[PDB]
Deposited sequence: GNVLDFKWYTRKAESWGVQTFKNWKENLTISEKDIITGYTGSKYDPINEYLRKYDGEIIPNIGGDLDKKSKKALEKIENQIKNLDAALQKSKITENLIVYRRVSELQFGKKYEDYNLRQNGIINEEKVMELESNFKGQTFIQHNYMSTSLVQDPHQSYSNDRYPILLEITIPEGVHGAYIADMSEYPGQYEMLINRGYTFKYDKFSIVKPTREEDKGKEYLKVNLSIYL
């Protein structure tokens, strides 16, 4: 399993190299929509459901789907994604997993009880980073959960950092529609504490 940890230079070198030919075979519309996605207020699936406005969104989806279906990750890979408690559903907005930098142990035990061994469908495209916590937009300061995600060789995703509005996110964009399993819950101490949640793809 390839895991770049905090090694931004090695990760960038691999991501640019291994997705170079994919990128050069993208259409003008596909490149435009990838970049637009990285700077957009809304997730286009979430938006398509919420809503010339509707033409724009359907086209975004057609082009993102087409782009990502052309890419296959070449190695088993670890990627990283910071999220809030909303990960577990809308009702978890106010869960208060973390107070004053400290992860609440009994709340971790409750999440583990409710979710360990269960799956969820990631309906939206899934933005992740090739290294852990590279960018302040998706930081440990704001987000009390780090998803540490194991991706098998062959999954449809692509390194898009040099096309992004925010290249320093070191983004691996994973296609929409994959199912993921909650495998492990662990508290990581420094500096705020966080909850590390290991996920795997469930094909």
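In this chain the deposited sequence has gaps in the coordinates at 1-2, 54-71, 211-216, listed in sequence order.
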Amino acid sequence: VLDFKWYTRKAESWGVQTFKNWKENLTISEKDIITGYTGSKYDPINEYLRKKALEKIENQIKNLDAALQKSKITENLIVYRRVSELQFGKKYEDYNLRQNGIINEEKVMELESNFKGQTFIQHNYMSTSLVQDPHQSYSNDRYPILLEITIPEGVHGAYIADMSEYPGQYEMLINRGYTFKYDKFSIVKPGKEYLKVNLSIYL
From here on, numbers count along this sequence of modelled residues.
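Taking the mean C-alpha B-factor of each stretch as recorded, 191-199 and 9-17 are not equal, and the higher mean is that of 191-199. When the C-alpha B-factors of 60-68 and 161-169 are averaged, 60-68 comes out higher. Looking only at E153, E148, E30, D141, the residue with the top Cα B factor in the deposited structure is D141. The maximum CA B-factor among the listed residues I174, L49, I34, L26, taken from the PDB record, is found at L49. Per-chain ranking of the deposited C-alpha B factor places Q87 in the middle third. Among the modelled residues of its chain, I102 has a C-alpha B-factor that falls in the highest third, as given in the PDB entry. The deposited CA B-factor of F115 belongs to the middle third of values across its chain. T128: CA B factor in the lowest third of modelled residues in this chain (values from the PDB entry).
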